[PDB]
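Given next, in C-alpha cells, is a single chain: the form deposited in one PDB entry.
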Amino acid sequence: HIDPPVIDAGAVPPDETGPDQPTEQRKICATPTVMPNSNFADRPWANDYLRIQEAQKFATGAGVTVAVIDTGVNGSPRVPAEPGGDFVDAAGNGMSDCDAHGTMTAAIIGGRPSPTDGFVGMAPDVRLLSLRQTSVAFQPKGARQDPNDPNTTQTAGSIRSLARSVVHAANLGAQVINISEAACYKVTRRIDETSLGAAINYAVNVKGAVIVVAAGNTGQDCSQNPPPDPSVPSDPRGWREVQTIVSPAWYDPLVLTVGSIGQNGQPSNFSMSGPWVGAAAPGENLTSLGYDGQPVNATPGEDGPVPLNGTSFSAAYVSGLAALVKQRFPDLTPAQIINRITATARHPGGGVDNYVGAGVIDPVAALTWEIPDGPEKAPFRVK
C-alpha cells in the first residue's frame, strides 16, 4: 500500500548538468508533421475552448520566465527558447529536440503569433528556457548495474536527473517550471526519490517557482490507477487503491499535477489518475509549432501521422496560465498562484476527483475573478 511522500529537505542534489550516467544516441531524430487537409488559419480547438484570446487581454506573460523540462527544443523566431542545459546528452545545452516533443510543449506555453495562421501559445511574451531531461533517442552506454535493484532502472535514473534539472531551472530564475516527465513505478519496486522531493521543495519554497507537471500517460510502466473506494470516507482520494506511483505528480500540492481532456471536454482515457491530480487541460488532437516555428499537428507513426496528445501538453497549457497569473499578480507566491488556478477550475458535479482534480482550468476566470489569496505556502510532510 502507498502513502503520500515525505520530503527530506536537506537532500538537495548538486546543481550540475548532464545525464545520470554516460549516454549515446541510438535513434535517428524525429520531426513533427502535418495531417492531410489541415487549415491552420483557424484557431486550434484548445485556443477556443480555453478562451486564450480573451485571457490575453489581461496578461501575456511579459517579464515571466518559463523553464520547459522536456525533450529539448529546436528554437525559432516564434519559439525563441534559450539554453537551460542538457541532462541527456553531455555535449548538449537543451537547444536540440530529437523527439519532436519539447518544441511543441514550449510553443504551447509561449509560442508567438503570426499573421498567416491562427496559432498562438497561452503566454506569447514569456522568456523560455529549455532543459532537455528525457529522450527516447538516447540510451546509457553501460549496461545494468544489477537488474533487481530498482534504483538502477532507467526510471530511477531519470528521477535523479529530473531532480538536478529542477534545481538548475530554479537557479536560472524560472518562475514557472513545466515538467513533462511522469516516472511510473510499482509500490513493490520503490525508488529512492529523496533527491527529487528535496529539489522540488527548494524550487518552490526557497526560490518561489510554480511547478506544473504532467499527470502522465498510460503505457508501458504507467498502468491506470483504480478509482477510490467510496465506502472508505477516511480515504476519499483512494491512496489505499493506488497501484502505480507517478512522480513528480505525487508531490501535490507542492506541484500542480495536470490531467488531460479531449475535444468534447471528456477526461482522456490515456490520462493517469491518482489522488494527486489537481487540474486538467486540453491534451488531445492539438496544434503547436514545429522546428521552424510553423504550425504542426502530428508526429509520424507506423501506419501514418499521429495527432498531438498527452498530459505534458495539458500541463503546458497550465504552465502558460501560471505565467499569465504570475504577470498579473506578481506578489503572489507559487501556492497562491496555483490556488487561483484550482479555485477557478471546473467540472460537472464538482469537488476534486482523481481524473481532473479540481477540474478543467478556466484562464479568464483565473485572471479576473475575486479570489482571496490563499496561504503563502502549501503544507507538506517533512522528515
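The first residue of the shown sequence is 1; numbering continues from there. Only residues modelled in both forms are compared. Take the two forms, superpose them, and find the largest set of C-alpha atoms that agree within 1.5 Å; that set is the rigid core.
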Residue stretch of maximal mean CA temperature factor, 251-259 vs 116-124: 116-124
Stretch with the higher entry mean CA B-factor, where the candidates are 233-241 and 308-316: 233-241
Selection by C-alpha B-factor (highest) of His347, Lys326, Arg340, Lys27: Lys27
Which of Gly75, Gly197, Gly111, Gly102 ranks first by CA B-factor in the deposited coordinates: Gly75
Ranked against its chain, the third holding the CA B-factor of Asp362: lowest
Chain-wide C-alpha B factor ranking for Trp276, given as lowest, middle or highest third: lowest
Cα B factor band for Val88 (lowest, middle or highest third within the chain): highest
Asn47 - which third its CA temperature factor falls in, relative to the rest of the chain: lowest
Entry-reported Cα temperature factor of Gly216, expressed as the chain third it lands in: lowest
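One more form of this protein exists, namely the form deposited with a partner chain bound; it is left out here, but the text below deals with it.
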In the entry with it bound, segment of 271-279, 249-257, 284-292, 221-229 with a heavy atom within 4.5 Å of its partner chain: 284-292
Close approach of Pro300 to its partner chain in the entry with it bound, 4.5 Å, heavy atom: yes
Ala107: touches its partner chain in the entry with it bound, heavy atom cutoff 4.5 angstroms: no
Proximity of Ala100 to its partner chain in the entry with it bound, heavy atoms at 4.5 Å: yes
Contact test in the entry with it bound: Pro305 vs its partner chain, heavy atoms, 4.5 Å: yes
Answer option from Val120, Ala174, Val296, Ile159, heavy atom within 4.5 Å of its partner chain in the entry with it bound: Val296
Of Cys184, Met95, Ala137, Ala198, the one that lies within 4.5 Å of its partner chain in the entry with it bound (heavy atoms): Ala137
Single mover in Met95, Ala198, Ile191, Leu172, with Cα shift of 2 Å or more between this form and the one not shown when the core is superposed: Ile191
After fitting the core, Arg328 CA displacement of 2 Å or more between this form and the one not shown: no
Cα displacement of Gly63 between this form and the one not shown reaching 2 Å, rigid core superposed: no
Pair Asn354/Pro348, Cα separation in the entry with it bound versus the displayed form, closer or farther by 3 angstroms or more: closer
Direction of the Cα shift between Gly350 and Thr344 in the entry with it bound, where the change is 3 Å or more: farther
Shared-residue segments moving between this form and the one not shown, Cα shift 2 Å or more over 3+ consecutive positions, core-fitted: 187-191, 347-350
